[PDB]
Amino acid sequence: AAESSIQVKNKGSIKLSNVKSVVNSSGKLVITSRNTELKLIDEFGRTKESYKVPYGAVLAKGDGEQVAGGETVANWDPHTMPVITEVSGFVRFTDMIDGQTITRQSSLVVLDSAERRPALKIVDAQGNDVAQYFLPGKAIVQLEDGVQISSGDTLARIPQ
Amino acid sequence: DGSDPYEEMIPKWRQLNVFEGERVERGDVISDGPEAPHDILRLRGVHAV
């Protein structure tokens, strides 16, 4: 099932447990905890549904909202888990080597461990120091330096 | 972990489920896969197993 949408059978209010609240670029929140639980409370304590929510997911409706049912309550990438930026501002890229750690597809790969992963924090505005960014194999960041990206946003990670 | 660190080695053929510290608790899934019952009771308990 390539579809990442989660359907709800009945109108039961979602009960998101074991989650971390992180402010995203919009009113929705992104969970940074690998272990998450969902539940349905409609009239009593019994939970109609459970399902599962991976890391980097965005909930369509907030916790405690009585969803009418038959509609998506949380949406996430079914192929990749996005990495949330703790600091909002320009992306600080350190030791950017062109021709070895750059792969044109702007969208450019960060680095390759086999070919060689510098760690740096997101700049506050342009280059201020405020967080460790880890780049595993085949990790790509499409946001160039000075993009001034807000918190809770992520580019395509390109899993290895 | 304050004291007595857990030096564990992975052959790198297995991906790491978590990247940050996240205050990982005992029995948490560091890497994904079907877990053996020996580890469950060892890091969870008899009722868990």
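All Cβ positions, even for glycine, are placed from backbone atoms using ideal geometry, and neighbour counts span all protein chains on display. No value in this document is a laboratory result; all are computed from the given coordinates.
Pairs spanning more than 23 Å between alpha-carbon atoms, out of A:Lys52/B:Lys12; A:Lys20/B:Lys12; A:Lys52/A:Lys138; A:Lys11/A:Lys61; A:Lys20/A:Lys138: A:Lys52/B:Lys12; A:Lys20/B:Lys12; A:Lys52/A:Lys138; A:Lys20/A:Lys138. The tail of the calculated P(r) for the protein assembly as shown beyond 27 Å holds 44 percent of all Cα-Cα pairs. DSSP finds beta bridges in chain A, and of those with both partners inside it, around 90 percent are antiparallel. With K and R counted +1 and D and E -1, the other residues having a Cβ less than 13 Å from that of B:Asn17 yield a net charge of -3. Given a Förster distance of 30 angstrom, what is the FRET efficiency for B:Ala36 paired with A:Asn24, based on the Cβ-Cβ distance and rounded to 0.05? E between B:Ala36 and A:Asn24, to the nearest 0.05, is 0.20.
Among A:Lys52, A:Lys61, rank each residue by its count of other Cβ atoms within 10 Å, from fewest to most, as a rough exposure measure.
Ordered from fewest to most neighbouring Cβ atoms within 10 Å, A:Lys52, A:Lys61 come out as A:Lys52, A:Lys61.
Decide, for chain B, between rounded, prolate and oblate: order the square roots of the alpha carbon gyration tensor eigenvalues as a ≥ b ≥ c, take rounded if a/c falls under 1.5, and otherwise choose prolate if a/b is larger than b/c, else oblate. Oblate is the answer for chain B, as a/c is 1.5 or above yet b/c matches or exceeds a/b.
Which whole-angstrom value gives the distance between the alpha carbon centres of segment B:17-49 and segment A:107-141? The two parts, judged by their Cα centres, are 29 Å apart.
Ranking of B:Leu43, A:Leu16 by neighbouring Cβ atoms within 10 Å, starting from the fewest: B:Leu43, A:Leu16. Report the far tail of the P(r) of segment A:53-160, meaning the percent of Cα-Cα pairs longer than 16 Å. Pairs farther apart than 16 Å: 63 percent. Residue exposure proxy: A:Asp77, B:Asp32, ordered by other Cβ atoms within 10 angstrom of their Cβ from fewest to most, comes out as B:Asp32, A:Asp77.
Could you pull out the GluC sites (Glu not before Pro) across segment A:22-71 that fall in loop regions by DSSP (anything but H, G, I, E, B) with no more than 12 other Cβ atoms inside 10 Å? Counting only loop positions with at most 12 other Cβ atoms within 10 Å, the GluC sites (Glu not before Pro) in segment A:22-71 are A:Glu43, A:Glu65.
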